[PDB]
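Structure at a glance
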Amino acid sequence: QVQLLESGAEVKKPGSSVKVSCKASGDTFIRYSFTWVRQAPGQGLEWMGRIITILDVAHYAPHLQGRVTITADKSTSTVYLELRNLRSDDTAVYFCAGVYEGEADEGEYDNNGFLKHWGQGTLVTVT
Amino acid sequence: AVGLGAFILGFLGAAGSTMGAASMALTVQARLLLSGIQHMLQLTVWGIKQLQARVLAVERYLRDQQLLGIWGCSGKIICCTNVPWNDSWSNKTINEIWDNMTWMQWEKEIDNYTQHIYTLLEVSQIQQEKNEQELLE
Amino acid sequence: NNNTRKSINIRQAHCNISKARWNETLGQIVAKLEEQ
Amino acid sequence: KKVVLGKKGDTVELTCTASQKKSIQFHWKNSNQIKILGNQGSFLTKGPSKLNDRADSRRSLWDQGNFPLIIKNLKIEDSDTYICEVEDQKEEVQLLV
Amino acid sequence: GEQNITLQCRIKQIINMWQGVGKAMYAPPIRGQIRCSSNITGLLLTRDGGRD
Amino acid sequence: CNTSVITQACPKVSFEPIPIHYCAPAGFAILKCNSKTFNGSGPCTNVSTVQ
Amino acid sequence: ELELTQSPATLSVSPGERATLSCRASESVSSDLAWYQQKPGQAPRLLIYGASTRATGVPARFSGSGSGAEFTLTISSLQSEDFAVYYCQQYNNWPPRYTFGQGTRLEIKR
Ligand SMILES: *[C@@H]1O[C@H](CO)[C@@H](O[C@@H]2O[C@H](CO)[C@@H](O[C@@H]3O[C@H](CO)[C@@H](O)[C@H](O[C@H]4O[C@H](CO)[C@@H](O)[C@H](O)[C@@H]4O[C@H]4O[C@H](CO)[C@@H](O)[C@H](O)[C@@H]4O)[C@@H]3O)[C@H](O)[C@H]2NC(C)=O)[C@H](O)[C@H]1NC(C)=O
Ligand SMILES: *[C@@H]1O[C@H](CO)[C@@H](O[C@@H]2O[C@H](CO)[C@@H](O[C@@H]3O[C@H](CO)[C@@H](O)[C@H](O)[C@@H]3O)[C@H](O)[C@H]2NC(C)=O)[C@H](O)[C@H]1NC(C)=O
Ligand SMILES: CCCCCCCCCCCCO[C@@H]1O[C@H](CO)[C@@H](O[C@H]2O[C@H](CO)[C@@H](O)[C@H](O)[C@H]2O)[C@H](O)[C@H]1O
Ligand SMILES: *[C@@H]1O[C@H](CO)[C@@H](O[C@@H]2O[C@H](CO)[C@@H](O)[C@H](O)[C@H]2NC(C)=O)[C@H](O)[C@H]1NC(C)=O
Ligand SMILES: *[C@@H]1O[C@H](CO)[C@@H](O[C@@H]2O[C@H](CO)[C@@H](O)[C@H](O)[C@H]2NC(C)=O)[C@H](O)[C@H]1NC(C)=O
Ligand SMILES: *[C@@H]1O[C@H](CO)[C@@H](O[C@@H]2O[C@H](CO)[C@@H](O)[C@H](O)[C@H]2NC(C)=O)[C@H](O)[C@H]1NC(C)=O
Ligand SMILES: *[C@@H]1O[C@H](CO)[C@@H](O[C@@H]2O[C@H](CO)[C@@H](O)[C@H](O)[C@H]2NC(C)=O)[C@H](O)[C@H]1NC(C)=O
Ligand SMILES: *[C@@H]1O[C@H](CO)[C@@H](O)[C@H](O)[C@H]1NC(C)=O
Ligand SMILES: *[C@@H]1O[C@H](CO)[C@@H](O)[C@H](O)[C@H]1NC(C)=O
Ligand SMILES: *[C@@H]1O[C@H](CO)[C@@H](O)[C@H](O)[C@H]1NC(C)=O
Ligand SMILES: *[C@@H]1O[C@H](CO)[C@@H](O)[C@H](O)[C@H]1NC(C)=O
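Residues numbered from 1 in each chain as written, not as in the entry; some residues may be left out. Chains lettered and ligands numbered in written order. Part of a larger assembly, values for the part shown. Heavy atoms only, no water.

This entry, as listed in the PDB, derives from cryo-EM and reports a resolution of 3.5 Å.

What follows is about the pairing of strand β3 (residues 19-25) of chain G. Looking down a regular strand, the side chains alternate between one sheet face and the other. Residue and element names in this part refer to chain G. Here β3 shows one buried face, formed by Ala19, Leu21, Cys23 and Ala25, and one open face, formed by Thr20, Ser22 and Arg24. Direction of pairing for β3 relative to strand β8 (residues 70-75): antiparallel, over a ladder of six bridges. For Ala19, the partnering residue across the bridge sits in β8 and is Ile75. (Buried < 20%, exposed > 50% of the residue type's maximum accessible area, 1.4 Å probe, protein only. Helix = DSSP H or I, 4+ residues; strand = E, 2+ residues; numbered from the N terminus. Pairing = 2+ DSSP bridges.)

Residues and elements named next belong to chain A. As summarised here, the arrangement of the four strands in space is β1-β3-β8-β7, forming an open sheet in which the pairing is antiparallel. A single partner strand is all that each edge strand has here, and the edge strands are β1 (3-6) and β7 (68-73). Each neighbouring strand pair of the sheet contributes to a mean axis angle of 20 degrees, computed without reference to strand direction. (Axes fitted to C-alpha atoms, helices over the stretch in contact; angles between N-to-C directions.)

Counting across every chain of the model gives five disulfides over all chains. Disulfide partner of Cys73 of chain B: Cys79 of chain B, at an S-S distance of 2.0 Å. Note on the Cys73 of chain B and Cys79 of chain B pair: the S-S dihedral is about -75 degrees, so by sign convention the disulfide is left-handed. The exposure class of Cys73 of chain B is buried, given its relative accessible area of 7%. Look at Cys79 of chain B and you get partly exposed, because its relative accessible area is 30%. For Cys16 of chain D, the disulfide goes to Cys84 of chain D, at an S-S distance of 2.0 Å. Because the sign of the S-S torsion sets the handedness, a value of about -90 degrees for the bond joining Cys16 of chain D and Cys84 of chain D places this disulfide among the left-handed ones. Taken together, the positions of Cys16 of chain D in strand β2 (residues 12-17) and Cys84 of chain D in strand β8 (residues 80-86) put the pair 68 residues apart, joining distant regions of the chain. When its relative accessible area of 1% is taken as the criterion, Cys84 of chain D is described as buried. Not engaged in a disulfide, the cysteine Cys80 of chain B finds its nearest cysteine sulfur in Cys79 of chain B; these two sulfurs lie 6.9 Å apart. The closest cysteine sulfur to the non-disulfide-bonded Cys10 of chain F is located on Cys36 of chain E, 19 Å from its own sulfur. (Disulfide = S-S within 2.5 Å.)

What follows covers the interface of chain E and chain D. Listed as interface residues are 12 residues of chain E and, on the opposing side, 12 residues of chain D. Buried surface at the junction of chain E and chain D, both sides included, amounts to about 860 Å², of which 53% is carbon and sulfur. By the criterion of area lost to chain D, the three top residues of chain E are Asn16, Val21 and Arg51 of chain E, representing 52% of everything that side buries. Where chain E meets chain D, there are zero salt bridges. (Contact = heavy atoms within 4.5 Å. Buried area = accessible area lost by both parts, 1.4 Å probe. Salt bridge = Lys/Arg side-chain N within 4 Å of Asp/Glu carboxyl O.)

The partner chain G presents 21 residues to the 20 residues of chain A that form the contact. Between chain A and chain G lies a buried interface of about 1,800 Å² when both sides are counted; carbon and sulfur atoms form 67% of it. A per-residue breakdown of the area chain A buries against chain G is headed by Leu45, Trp47 and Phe114 of chain A, which together make up 39% of the total. At the boundary of chain A and chain G, one finds zero salt bridges. Counting residues per element, the ones that place at least two in the side of chain A that touches chain G are β5 (46-52) and β6 (57-60) of chain A.

For the rest of this paragraph, the subject is the site of ligand 2. Neighbouring residues of ligand 2: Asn16 of chain C together with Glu2 and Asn4 of chain E. Surrounding ligand 2 is a set of residues that belongs to chains C and E. In this structure, an oxygen atom belonging to ligand 2 sits 3.2 Å away from a side-chain N or O atom of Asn16 of chain C. The contact in question runs from an oxygen atom of ligand 2 to an N or O atom on the side chain of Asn4 of chain E, over 2.4 Å. In the complex, 18% of the free accessible area of ligand 2, which totals 750 Å², lies under the protein chains. (Near = heavy atom within 4 Å. Polar contact = N/O pair within 3.5 Å; in protein donor to acceptor, adjacent residues only side chain to side chain. Areas by Shrake-Rupley, 256 points an atom, 1.4 Å probe, with all protein chains shown as cover.)

Moving on to the packing of aromatic side chains. In this structure the tally under the stated criterion is 17 aromatic pairs over all chains. A ring pair is formed by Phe29 of chain A and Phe34 of chain A, whose centres lie 5.2 Å apart and whose planes are at 25 degrees; its orientation type is stacked. Residue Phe34 of chain A is classed as buried on the basis of its relative accessible area of 1%. Ring centres of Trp85 of chain B and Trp106 of chain B lie 6.0 Å apart, and the angle between their planes is 35 degrees; on these two criteria the pair is classed as tilted. Taken together, the residues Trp85 of chain B in the loop between α2 (41-67) and α3 (94-100) and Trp106 of chain B in helix α4 (residues 103-110) connect sequence positions 21 residues apart. With relative accessibility at 35%, the residue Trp85 of chain B sits in the partly exposed group. Note on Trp106 of chain B: relative accessible area 6%, which makes it buried. Here the aromatic residues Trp47 and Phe114 of chain A together with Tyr49, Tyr91 and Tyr98 of chain G are joined through ring pairs into a cluster of three or more. (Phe/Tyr/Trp six-rings, centres within 6.5 Å; stacked < 30°, edge-to-face > 60°.)

Moving on, we come to the site of ligand 1. Close to ligand 1 lie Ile30, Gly32, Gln33, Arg35, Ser37 and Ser38 of chain E together with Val13, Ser14, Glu16 and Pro17 of chain F. Positioned at a junction of chains, ligand 1 has nearby residues supplied by chains E and F. Within the backbone of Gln33 of chain E, an N or O atom sits 2.6 Å from an oxygen atom of ligand 1. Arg35 of chain E is positioned such that a nitrogen or oxygen atom in its backbone is 3.0 Å from an oxygen atom of ligand 1. Protein chains shield 38% of the accessible area of ligand 1, which is 1,100 Å² for the free molecule. Its residues assigned to classes, the shell around ligand 1 comprises three nonpolar, five polar and two charged. (Nonpolar A, V, L, I, M, F, W, Y, C, P; charged D, E, K, R; others polar.)

Take the arrangement of the chains next. By number of contacts, the leading pair among the 11 pairs of chains in contact is chains A and G. Separating chain B from chain E is a minimum C-alpha gap of 30 Å, and the two share no contact. When C-alpha atoms are compared, chain D and chain G, though not in contact, are closest at a spacing of 26 Å.

The next point concerns the pattern of salt bridges. According to the stated counting rule, one finds 20 salt bridges over all chains in the structure shown. A salt bridge links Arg38 of chain A to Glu46 of chain A; its shortest N-O distance comes to 3.2 Å. Since its relative accessible area comes to 4%, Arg38 of chain A is described here as buried. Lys29 of chain D is paired through a salt bridge with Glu85 of chain D; the nearest N and O atoms lie 2.7 Å apart. With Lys29 of chain D in strand β3 (residues 26-29) and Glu85 of chain D in strand β8, this residue pair connects regions lying 56 residues apart in the sequence. Per residue, the accessibility class of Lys29 of chain D equals that of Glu85 of chain D, and both read buried.

As structure tokens, then:
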């Protein structure tokens, strides 16, 4: 039942990091798992990683493990992505997506990767 | 025998018998002994466990029989020493102890003194050895 | 084996306890607690 | 008694400690011997107390030999003597609000 | 006359561990039938005492 | 007080208990209290020895 | 990571025809794939949950099934509304290392 609102666009010199975030609203933050997707121009929906909000853990695609951090602020219902050591290869529209975990608050978490809720896309480029 | 007490090194008697009764029973059994008058893996496993228990008890027995020589009691089940009882260790008489108490109760009665007594026994043996070698000259 | 899923169930089960035995059991427990 | 004073609306951490750091059972009781908090195995339990919806404990510190009781949103009615029972020893702290 | 006391049960995936402080997640439930038949042999009770 | 996290597979397995017997090693023995009213801390007057 | 290969992109299917889309995994999937619809400027909406469950709001027209490493998607009575690129995603990965394929775009023959 969650709407995901992306933040503003960014342009960074290579080697810098970019902080991208999404505000989740309309339901309990803790009941949704979130992922990040990198829509590089000409590419498919590259998966970057996923964050679990009860057990505050995250997993990342192997090539980004030394580059990407996914975190969240439980008090502002906000999902955050920080990607470091930017390259022109990282030009992409970045976005959040997520799923509803049934009664996750009570320990009934499903652990789904089937994304239903998607943001509009944040464009990040380099200069 | 050796199964008295329901265990190896329970040789002197049944647990629960008085000290006196156990001694008398031991003598009778000794006279009788000298007068002389279904296959599964677990059998292997437990056969080994049983042998280990028996071998260990024998090794401990033999070791202690030699260690006791330090007090002049090697090779013995029942020894006799020249160290006085000292009264304070226990105020009971010979008959009171031997007739009414069992061995565990007795050890509880005097376990605040056994390290002291062991020391006295060693000292007596040292003096006895010294005296004998002085006489042999 | 007759469960569904709920979202916006499978995680639903039940346990049956003999009523007669449970109440008799408590009566005996109570008798001992009463003595104490 | 150790005396700790808080104020209405604040949060106070009262503590019990041990020389042994891990796997220690402890309980917190009030002066009328009503259980508030306790450790069963690795789990936090609560007693039949007026503080059940305010009392808590930092579970991560239990293996450090530190067994705190935290009372959130203090009221004047919470002023009391709080009793620690840790292992064999007892400790008393007075809470004023 | 029902003669059956019934308990409502849930299967959880995120649980507190009994072997130490911490939480753990287990994979979701089996889709077929789960059956358990147990003997209640004892109870663990605590008392509610106090000056009042 | 940071967190240590392990991520690993969850295969499903069959899980049902087997009664386990504890046994004394050589040199040791286990005493068993055979009283039917033993309360957990008193003396036991009917004691047997088992491995 | 496990690669997902689809049929060639730009499948010219006339509106009203039944489109056939597919996905091959490098490794078996226990009915753990998903299909998504992407249009330029739009979110890549979930269409099929697992190998065959229709996602919320998905019409009867859009459906599919499969097993192992071989999955099939079809669109009945293809509409002008359906001309998008359909992506294949795989979830039987733990620790997560989820993957997507490149997807196949439908086209109107001219
Ligand atoms: C107290 O003691 C009693 C007995 O002394 C214990 O009771 C036993 O509890 C176990 C737990 O389930 C139960 O075992 C099942 O018996 C069924 C009889 O055929 C089996 O079919 C079943 O195996 C399936 O389920 C397992 C679940 O983990 C799977 O691991 C296993 O591979 C099998 O799974 C297949 O079949 C299922 C069917 O729905 C399907 O969904 C799966 O996908 C898969 O296809 C178990 O063996 C015993 O039978 C119980 N004993 C009795 C007499 O009932 C009791 O648990 C003890 N109490 C406690 C608390 O431990
Ligand atoms: C209290 O709960 C118990 C469950 O533990 C109920 O017992 C079960 O009652 C059902 C009633 O139909 C029995 O079903 C029967 O199963 C046999 C199996 O072959 C079938 O042939 C019969 O036609 C029927 O389906 C079920 O077996 C029985 N469970 C057991 C273990 O016997 C009990 O009835 C409940 N009590 C009341 C008052 O309802
Ligand atoms: C691991 C298994 C090892 C084998 C264990 C065997 C134990 C069997 C014990 C049998 C005891 C027989 O019975 C007892 O023996 C001792 C042996 O000194 C006798 O004792 C006699 O010798 C000792 C020492 O010389 C004197 O201190 C004692 O005054 C004298 O009477 C007892 O008068 C007799 O009653
Ligand atoms: C557990 O007990 C409940 C009742 O308390 C059983 O449900 C009943 O089963 C009978 C059998 O025909 C039905 O007629 C009743 O209508 C059922 N009751 C309800 C409320 O639905 C239940 O089946 C028992 N569990 C098992 C495993 O048998
Ligand atoms: C749980 O299931 C067992 C059987 O698996 C039930 O025991 C049977 O109950 C019926 C009721 O008439 C008896 O006829 C059977 O002989 C019982 N079986 C055995 C092996 O004793 C048991 O009652 C069930 N529990 C509950 C609460 O209903
Ligand atoms: C002490 O406990 C033992 C163990 O239960 C009792 O002896 C058992 O008595 C039953 C009676 O039929 C026999 O079948 C067992 O074989 C006996 N066991 C053993 C190991 O001998 C014994 O009677 C109890 N003694 C007292 C005084 O209560
Ligand atoms: C188990 O029973 C024994 C008695 O057989 C209890 O021990 C007695 O406790 C009272 C309490 O004041 C003492 O006065 C007695 O001297 C005790 N008797 C002995 C022989 O020690 C024992 O407390 C009971 N244990 C439990 C767990 O209830
Ligand atoms: C136990 O007491 C009875 C009482 O007559 C006695 O016959 C029996 O031999 C005693 N057992 C032991 C080990 O002394
Ligand atoms: C043992 O006897 C000596 C003899 O003088 C005495 O001094 C000592 O105090 C006695 N032991 C005890 C425990 O009384
Ligand atoms: C030791 O026994 C004698 C015997 O009359 C007694 O008077 C004395 O008080 C006893 N000693 C103790 C400490 O009981
Ligand atoms: C419950 O106790 C009875 C008593 O004989 C036993 O037969 C039965 O198998 C027990 N049930 C379980 C689950 O162990």
